[PDB]
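Enquirer: here's my sequence, what's the structure:
(chains A, B, C, D, E, F, G, H, I, J, K, L, M, N, O, P and Q)
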Amino acid sequence: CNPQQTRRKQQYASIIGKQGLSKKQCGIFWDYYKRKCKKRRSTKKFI
Amino acid sequence: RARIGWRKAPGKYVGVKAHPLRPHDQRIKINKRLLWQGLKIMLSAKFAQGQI
Amino acid sequence: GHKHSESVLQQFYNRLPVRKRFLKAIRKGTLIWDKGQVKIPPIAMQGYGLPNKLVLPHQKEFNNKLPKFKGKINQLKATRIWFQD
Amino acid sequence: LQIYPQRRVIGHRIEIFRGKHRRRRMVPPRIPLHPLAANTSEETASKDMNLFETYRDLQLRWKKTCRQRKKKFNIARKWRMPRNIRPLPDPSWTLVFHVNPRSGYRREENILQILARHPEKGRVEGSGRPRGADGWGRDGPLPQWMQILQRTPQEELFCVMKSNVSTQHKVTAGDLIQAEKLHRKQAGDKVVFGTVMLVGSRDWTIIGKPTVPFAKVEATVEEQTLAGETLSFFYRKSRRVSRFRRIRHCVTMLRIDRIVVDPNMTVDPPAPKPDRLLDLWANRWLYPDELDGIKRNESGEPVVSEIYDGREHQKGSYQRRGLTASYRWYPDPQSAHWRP
Amino acid sequence: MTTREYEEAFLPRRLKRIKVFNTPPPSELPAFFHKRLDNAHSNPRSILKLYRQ
Amino acid sequence: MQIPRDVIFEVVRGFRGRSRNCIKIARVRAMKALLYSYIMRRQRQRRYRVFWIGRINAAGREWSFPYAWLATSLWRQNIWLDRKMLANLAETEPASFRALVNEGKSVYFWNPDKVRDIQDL
Amino acid sequence: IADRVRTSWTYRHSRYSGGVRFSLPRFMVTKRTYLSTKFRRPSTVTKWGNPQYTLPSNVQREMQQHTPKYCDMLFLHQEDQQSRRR
Amino acid sequence: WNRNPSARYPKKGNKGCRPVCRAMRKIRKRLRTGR
Amino acid sequence: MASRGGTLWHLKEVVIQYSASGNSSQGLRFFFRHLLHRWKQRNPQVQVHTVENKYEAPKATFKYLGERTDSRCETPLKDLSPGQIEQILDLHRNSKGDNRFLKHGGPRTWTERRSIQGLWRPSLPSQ
Amino acid sequence: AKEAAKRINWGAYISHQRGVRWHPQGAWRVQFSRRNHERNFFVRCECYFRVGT
Amino acid sequence: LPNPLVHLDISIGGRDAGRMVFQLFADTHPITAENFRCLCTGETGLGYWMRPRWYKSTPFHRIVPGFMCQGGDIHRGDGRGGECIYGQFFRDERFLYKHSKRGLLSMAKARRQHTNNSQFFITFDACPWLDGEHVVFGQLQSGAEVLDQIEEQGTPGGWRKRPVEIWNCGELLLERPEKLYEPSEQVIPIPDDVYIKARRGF
RNA sequence: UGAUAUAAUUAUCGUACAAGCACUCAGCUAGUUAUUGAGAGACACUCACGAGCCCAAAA
RNA sequence: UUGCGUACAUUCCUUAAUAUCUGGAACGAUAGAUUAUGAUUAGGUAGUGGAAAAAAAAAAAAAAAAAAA
RNA sequence: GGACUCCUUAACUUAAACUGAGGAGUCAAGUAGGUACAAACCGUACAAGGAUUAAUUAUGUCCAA
RNA sequence: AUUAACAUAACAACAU
RNA sequence: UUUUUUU
RNA sequence: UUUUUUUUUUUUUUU
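Expert: Numbering: from 1, shown residues only, chains lettered A, B, ... in the order given. Below, you will see the structure:
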């Protein structure tokens, strides 16, 4: 309930919209970014 | 200094909450008629869209 | 000064840029302050009429009919005279 | 116990009004009521039955409990004393000369010399309203020597025009002026302001009491965008009240080109008749390509014209869209628009 | 009762005062002044004021 | 709450120590800073109208013609010129101003129906 | 949606609520970071945003007679006196 | 005598003859009307 | 905007970043098929470029001709109508820039020649 | 009221034309609204015909 | 019914000038005519300011030779005053007649639109430019010698050489100017009386 | 240099003002919940069926 | 005698109206582009009401879209 | 279960900003203006918002202005 | 390795 | 840009 | 005799 959350959200938002990001690059958001990418890749799956 | 009672009380400690979450059930009630109708509507939609 | 509160009338006097000699007189009553000047208070003579500037608007008509003095202080023959408040 | 009324009217008569003290309607009714009755029937009819008094009414007046709120009704303030300036004299303009032949100051030519000696000879007075063969002159045509006014260059010319209904600016040769938003205007749009109050030069000064009907200003739209952001804040301490806003005002930029002064000028033509009425209410003018679908008769005029000519329906309508030759306002006798 | 000042204290200061007495004006100036001249015979100021009027 | 946090910092740019950086102090500072401008922008008009009137009177007095008279003279003539343009003229166009003053004087100053000469008397 | 809020009995449904009207002036303000002009204005720009110069015209021309400044008040006074005394 | 406090300073021009917290207004009238 | 008699424009280049799969870019996509071609022709003096980006919100950047700091601007185009887009475009084209210093008010006049006749100075008659 | 109603002529305000209506301002209002997103053309006529004119 | 015939007695510098007679156009301008007749007769009583609404003893605040002469103020007598029987201000009337005759009467106006009051003015000459801006309701029938004398007291600046005031007023008991357009009948769905009746409960 | 301006918060009839807290910043922290309630002239959303509606626990 | 200074225009430009009555019971309609002389309007403690936002997580709808590549 | 002022009036030392009643305005919940300096008095065509414009009001017109 | 408060330094300024 | 003092 | 008042924020009383 604070300034810290705004910084984290701004940081997150700045990296979310990209591709080919490394684990060392992502940081604390690595899990989130991996889930996002896997979610995205769902549309390309056919019978 | 200000008054203080319990060591572990809301605001005086980390983890204590005044309105903590409680386990419960997320199930809801619904009329059978609604379901019955929605089945039909879905079926017709399928036909409409050509997914059958 | 040392006094905490003072009367408005006294305060007024206190603000007069004049000598102590005239201040005392003013305080006493022998002198008055008007239009930034100090002069003798008006003289009220017995029987004669007072100045038109001191009576009420409705009293001027009756005051103008009273006798008037057009002489010097030495020639004045009034039984009693005093300053008009 | 009984409280007697007060009949003695001190000051002004009492007048009750609905609502709070604010800016309300002021236009009088079309059908005023006579203050006197010429018959007993009028007297009897004057009675308002809606307002019939009863015991119940008295009850509400006499109750010790909370009564009706005082914010519903109030007493009207006193009347004002406006100045009656109207009517106004006939519009006219006058001309003067103050030539300075001194070398020190100086550092056509023939007449100028004469004028310098006898500036009084140059006193010319006219009329602002149009006339016949006389034109702008008074009791006859203007002198033939007035053509001198067209010989002076723009580098030594200045005038006072009206950019708005109430705003005035000092227009000069190559000037950048600021005005309000002009509807239906884009880049490369030339405009004409015919509204001028005063003209002058190094030799003469056209006073033009009401206006100058033989003078105009030519401008071009240079900018039409939003202004810079502005911050406004207000609050009351110890009362929990405030307001915050972020407004972006709109302005328009106009660049002056020429200041034409021709005494032989003619009155502007009337309002034009557009071919299509849809553009008047549309958000953009129809393109040339789209205008190709316009039906025409043998005479060459639109066929649609038979239904409706297309004349102006309201005062100052086409002027708002800029279809007029020139812009004019109340000060200009040639103008015609709504006035508050 | 009430005073004139009191009454006046609630009205515009420039408000004109009503007229209490009105009479017809003099139609003939020469005849009006000829009768007035009959009373002024010793006061130079009266003669000068009449001539000025 | 009254003001966004992001803007306070901006508004408090250039202030003294602790007041450019402290949220607490900055709040109270900024509030007053905006309030003063808010209040003054409305009163900015009469402060310039009085200056225009003073310049016009100053100008006018030169040619033995008070503003008091001038105004009336002008208005009676159907002349509708704002004090802003009047004052600008008074400074930039002396000749123009003199023209106006002369125009006005004629109207203002009127002779009676009869003129008497008592020089030889 | 629509032009205005409909208060009529005909339009009192839950399906008629919400929405926002488009506004150009407001769109350039809503959801936009504020930037102060203090300590940011160049030397080439006046207070009102008008262009400004930083070099004499003479110099400008080099690196790329005139009307006198003051008028003649004495001539105006003397001419007015002559015209009134004529 | 009644001369120290601020509830007895006369009205000057442009006050309405009844400013906040006055007593002398009602004292003089009363006096004249009967004491 | 017009300058020097309408022989000089400000607006130079316009870049528009959009997406080919995002729903929010629907308006842009629509615009790119009906009004783009029509708009371009009308304004041949302005270059227009488009950039495709999948996982990024749409936006637009504007470049102006000048030495001032107002020679660049940006504006998002998320959840906007074709008409709105057009409006934005027109605004940008008819504007000289973001105008960070442009003040509403002031003398509302800019002239090189303050006085023609001449300025006022004290004189012996006046004194 | 009931008597006045009878006297009042209600038939004059009736207009046999779509888009034309009476207004309490004392005028004839003309309405014509159309939209076109494809061609980017929107029209909203709000013409008024005053009686006093 | 016959039109009213009002009269005005003017006094120049305390001297009886004469007696002018006017004819009001009640037929065409009933309201306007009524206003002026009631003000002249003084049969309405006091007013807003507790003053009698009577033209008696009123000065002329404006006398411009060859243009017109203004007057009628009852409050101050300077010009910044006026009051009709109806109230402060009243709505205007149809502009039928022009200003093309000597001695025509017409009400005054303020900066605002609808600012008509007791203030009127008599035209000395044709004023085409005044067409449509003012309502014409009266015409001089006799007594042009008084208007000729009044014209002499005016100045271009609107100054007054000698005092000019109305001595007595009243009403007498026993060709028209050009027209701006051609009046024609109109459809009147709602009766006039209804408007009156509505304001009282019915 | 010119003009102009009485930190903020709560209570209170009272901007009450020489009353109560706070040096500053970081983290935490005060209206949570209808398998049981509801439209009651100081304000009560919406869907289905209809003289008919729902169906409890096992399953 | 004739004068003059002065606080407040929704003249100009840009917004807003949710307890059944503002024209609107109009127009348009593939889901509303904001009415140009349109009437009443928009100071507010307590109490009451409407609406827009809060960068996150889940969902088996992130390629039928001009030109260019 | 109310603070100041206007009219009437109870109590008091025809005292006190007290204590208590009858009926109008303002503040409370009101901005800016005037009254020299701190809610209550006068005025307001009384604070949605922006700009360098015009006006009879309390009231002013030797200087600070 | 790490935000703010806090601590030090460098550059930038002339109608003075 | 002061007024008044009957016959 | 009048204009000059609590103008009692200061100067000034220039009539």
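Enquirer: going forward, measure contacts between C-alpha atoms and count neighbours the same way
Expert: Fine.
Enquirer: secondary structure element holding residue A:8?
Expert: With secondary structure defined by DSSP states H and E, residue A:8 is part of helix A:3-16.
Enquirer: is there proximity between that helix and chain F?
Expert: No - Helix A:3-16 stays out of contact with chain F when judged by C-alpha under 8 Å from any C-alpha of the partner chain, the minimum separation being 10.1 Å.
Enquirer: off-centre distance for that helix?
Expert: From the chain centre to the centre of helix A:3-16 is a distance of 11 Å (C-alpha atoms, centre = their mean, to the nearest Å).
Enquirer: got the contact list for that helix?
Expert: In this structure, residues lying in contact with helix A:3-16 by C-alpha atoms under 8 Å, 6 or more residues apart in numbering or on different chains are A:26, A:29, A:33.
Enquirer: now for the closest residue to residue D:219 other than its chain neighbours: which residues touch it?
Expert: Taking C-alpha to C-alpha, 6 or more residues apart in numbering or on different chains as the measure, residue D:219 lies nearest to residue D:256, with 4.3 Å between them; neighbours along the chain are not counted. With contacts taken as C-alpha under 8 Å, 6+ apart, residue D:256 has the following neighbours: D:171, D:172, D:173, D:174, D:175, D:176, D:177, D:217, D:218, D:219, D:220.
Enquirer: confirm that residue D:256 sits in a strand.
Expert: Yes - applying DSSP: H, G, I helix; E, B strand; the rest coil, one finds residue D:256 inside a strand.
Enquirer: quick one: it from residue D:173, how far?
Expert: As judged by C-alpha to C-alpha, to the nearest Å, residue D:256 and residue D:173 stand 6 Å apart.
Enquirer: ok, residue J:47 next?
Expert: Here the criterion is C-alpha to C-alpha. By it, residue J:47 lies 41 Å from residue D:173.
Enquirer: repeat that for residue D:212.
Expert: Using C-alpha to C-alpha, residue D:212 is found at 18 Å from residue D:173.
Enquirer: among those two, which residue is more densely surrounded?
Expert: Just comparing residue D:212 and residue D:173: by other C-alpha atoms under 10 Å in any protein chain shown the higher neighbour count belongs to residue D:212, 26 against 21.
Enquirer: tell me the contacts of that one?
Expert: By C-alpha under 8 Å, 6+ apart, residue D:212 lies in contact with D:93, D:128, D:195, D:196, D:197, D:198.
Enquirer: same check on residue D:226?
Expert: By C-alpha under 8 Å, 6+ apart, the residues touching residue D:226 are D:248, D:249, D:250, D:251, G:25, I:99.
Enquirer: dihedrals phi and psi, it?
Expert: Here is the backbone geometry of residue D:226 (degrees, to the nearest 10): phi -90, psi 150.
Enquirer: and residue K:165, helix, strand or coil?
Expert: Once three-state DSSP is applied, residue K:165 turns out strand.
Enquirer: residues contacting it?
Expert: With C-alpha under 8 Å, 6+ apart as the criterion, the residues that contact residue K:165 are K:10, K:11, K:12, K:57, K:58, K:59, K:60.
Enquirer: tell me the bridge partners for it.
Expert: Beta bridges link residue K:165 to residue K:11, residue K:59 when assigned by DSSP bridges.
Enquirer: and the gap between it and chain G?
Expert: As judged by C-alpha to the nearest C-alpha, to the nearest Å, residue K:165 and chain G stand 37 Å apart.
Enquirer: just give me the neighbour total for residue 32.
Expert: The chain I'm using is chain A. By the measure other C-alpha under 10 Å, the count of residues near residue A:32 is 13.
Enquirer: oops, chain D please
Expert: One way to gauge burial is a neighbour count; for residue D:32, by other C-alpha under 10 Å, it gives 14.
Enquirer: residue D:45 versus the nearest residue to it once chain neighbours are set aside, what's the distance?
Expert: Computed as C-alpha to C-alpha, 6+ apart, the closest residue to residue D:32 that is not its neighbour in sequence is residue K:86, at 6.4 Å. Residue K:86 sits 19 Å away from residue D:45, taking C-alpha to C-alpha as the criterion.
Enquirer: now swap in residue B:34 and tell me
Expert: Residue B:34 sits 66 Å away from residue D:45, taking C-alpha to C-alpha as the criterion.
Enquirer: out of those two, which sits in the busier spot?
Expert: For residue B:34 against residue D:45, the residue with the higher neighbour count under other C-alpha under 10 Å is residue D:45, and the figures read 13 against 9.
Enquirer: quick one: contacts for that one?
Expert: When the contact criterion is C-alpha under 8 Å, 6+ apart, the partners of residue D:45 are residue K:200.
Enquirer: what do you get if the cut-off is 10 Å, keeping everything else the same?
Expert: Going by C-alpha atoms under 10 Å, 6 or more residues apart in numbering or on different chains, residue D:45 touches D:37, K:197, K:200, K:201.
Enquirer: could you measure from the third one over to residue D:313?
Expert: Relative to residue D:313, residue K:200 is positioned 38 Å away (C-alpha to C-alpha).
Enquirer: quick one, longest strand in chain I?
Expert: Ordering each strand of chain I by length in residues (DSSP state E) puts strand I:11-18 first.
Enquirer: give me the phi and psi for the residue most central in space within chain K.
Expert: Note on chain K: the residue nearest the mean C-alpha position is residue K:120, at 4.2 Å, using C-alpha atoms, centre = their mean. Residue K:120 has phi and psi values of phi -130, psi -180 when expressed as degrees, to the nearest 10.
Enquirer: OK, contacts around whatever residue of chain I ends up closest to RNA strand P?
Expert: For chain I, the residue closest to RNA strand P is residue I:126, as judged by C-alpha to the nearest atom of the strand, at 21.3 Å. If you count contacts by C-alpha under 10 Å, 6+ apart, residue I:126 has them with F:61, F:62, F:63, G:73, G:74, G:77.
Enquirer: do the same with residue D:62
Expert: With contact taken as C-alpha under 10 Å, 6+ apart, residue D:62 is in contact with residue D:56.
Enquirer: if I look at it, how far off is residue D:70?
Expert: Separation of residue D:62 from residue D:70 (C-alpha to C-alpha) stands at 16 Å.
Enquirer: now residue G:66: how far from RNA strand P?
Expert: Distance, residue G:66 to RNA strand P, using C-alpha to the nearest atom of the strand, to the nearest Å: 47 Å.
Enquirer: tell me the contacts of that residue?
Expert: If a contact means C-alpha under 10 Å, 6+ apart, then residue G:66 has residue D:107 as its contacts.
Enquirer: return the residue of chain J that is most distant from the centre.
Expert: Taking C-alpha atoms, centre = their mean, the residue of chain J most remote from its mean C-alpha position is residue J:38, at 29.8 Å.
Enquirer: my read: that residue touches residue I:82, true?
Expert: Yes - taking contact to mean C-alpha atoms under 10 Å, the distance of 9.3 Å between residue J:38 and residue I:82 places them in contact.
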